[PDB]
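Presented below, as structure tokens, is a lone chain in the form deposited in one PDB entry.
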């Protein structure tokens, strides 16, 4: 068996909540962890020093966009993504096959790999599993994801895509020559079909990869089906390896999914500022003369320096500047939430944290989302 990259420092007695540590080449990451997209922070003017100061120790790179600009050859010459973008902490990249790829740019998937279309009936480009690993090797990220056959969808395509994802997993494993330097994660498929997802869990966990992600959720599915597939997945993924739930980032979803056993999360301008009661829409007139910060107890640079009134004025009169300040605060909120979740698990008070979180966000138990009450009850957390 390969060396494990995670250790558990605490577990909740009743629920599935885990507090862990990931030993990655650019530093240890505490879990559970929310992973912002680095290039989304740089698009909004956030420097490495600023993102580091918020507590971020791992962020995402989108391989498709990186592969367009600046392209893998330039990143290789720059000694990897860490060197190119001056980021000293950990990076996670996807396969480059589907995330943030428009369906207008995709032809049909074949066994050889993913096929990209070029404008105006131009020639197509193949991204094989092997080429996906080679590209992520050049990026030098600390965690790399397998190429999978992603579908949105009912009928035989779901089963077909699930089994192709298993075959592509094996090809990514065979192509990945340096597991000492980068950690390849498999991605569980099967959609909302309990039987297909069970098969995918059973088969993919036969591969000794250092971590597992949970794909194919965060679609249009019901919340009932969503949490049941998350719980099915965590019930069958190894306890001694990380569980990465892709595309889940709303605060309530995050807290419930931690309670179900997930360790890592990601999720992708209207003036909204995240707060424990939900969000503030700072464009509203009521904030024009509100001289308090977004949150007096937020430690972010925006809340130490700026009032709601000032941000409201800038959202109208200097919008780009406002968007920097709000993005900083919103990333800070996500990191603080996960930091507070992890502290509660270490102090063995996670059920109390959930109850306080839900009461602050919604109020009485009868105002909480029904799916969340049920999902939490399934792991022994009553509101």
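Only residues modelled in both forms are compared. Numbering follows the first chain given and starts at 1. Take the two forms, find the largest set of C-alpha atoms that superpose within 1.5 Å, and that set is the rigid core.
- Compared with other entries of the same protein, residue 226 falls outside the group left without coordinates by a third of them; all model it where both flanks are modelled.
- In the other compared entries of this protein that model both flanking residues, residue 104 lacks coordinates in at least a third of them.
- According to the record, 4 to 9 deposited residues between residue 268 and residue 269 are left without atomic coordinates.
- Counting the deposited residues that fall between residue 105 and residue 106 and carry no coordinates gives zero.
- In this crystal structure, the stretch out of 371 to 379 and 7 to 15 whose C-alpha atoms carry the higher mean B factor is 7 to 15.
- Per-stretch averaging of Cα B factors for 313 to 321 and 35 to 43 places 313 to 321 on top.
- By the numbers in the PDB entry, the CA B factor is greatest at 278 among 97, 211, 278, 88.
- The maximum CA B-factor among the listed residues 157, 294, 139, 188, taken from the PDB record, is found at 157.
- Compared with the other modelled residues of the chain, the Cα B-factor recorded for residue 20 ranks in the middle third.
- When the CA B factors of the chain's modelled residues are split into thirds, the value for residue 242 lands in the lowest one.
- The entry lists a Cα temperature factor for residue 356 that places it in the highest third of the chain's modelled residues.
- Residue 55: CA B factor in the highest third of modelled residues in this chain (values from the PDB entry).
- Ranked by Cα temperature factor within the chain, residue 84 sits in the lowest third according to the deposited record.
One more form of this protein should be noted, the form deposited in another entry, which is absent from this view; the next part is about it.
- Comparing the two forms between the shown form and the other one on the rigid core, the single residue of 164, 283, 131, 117 with a CA shift of 2 Å or greater is 117.
- With the core superposed, residue 203 shows a C-alpha displacement below 2 Å between the shown form and the other one.
- Superposition of the core reveals a Cα shift of 2 Å or more for residue 220 between the shown form and the other one.
- Cα-Cα spacing of residue 221 to residue 198 is enlarged in the other entry versus the present form (difference of at least 3 Å).
- Contraction of the residue 278-residue 221 CA spacing by 3 Å or more is recorded in the other entry, set against this form.
- Segments of at least three consecutive residues in which every Cα is displaced by 2 Å or more between the shown form and the other one, once the core is aligned, are found at 117 to 123, 219 to 221.
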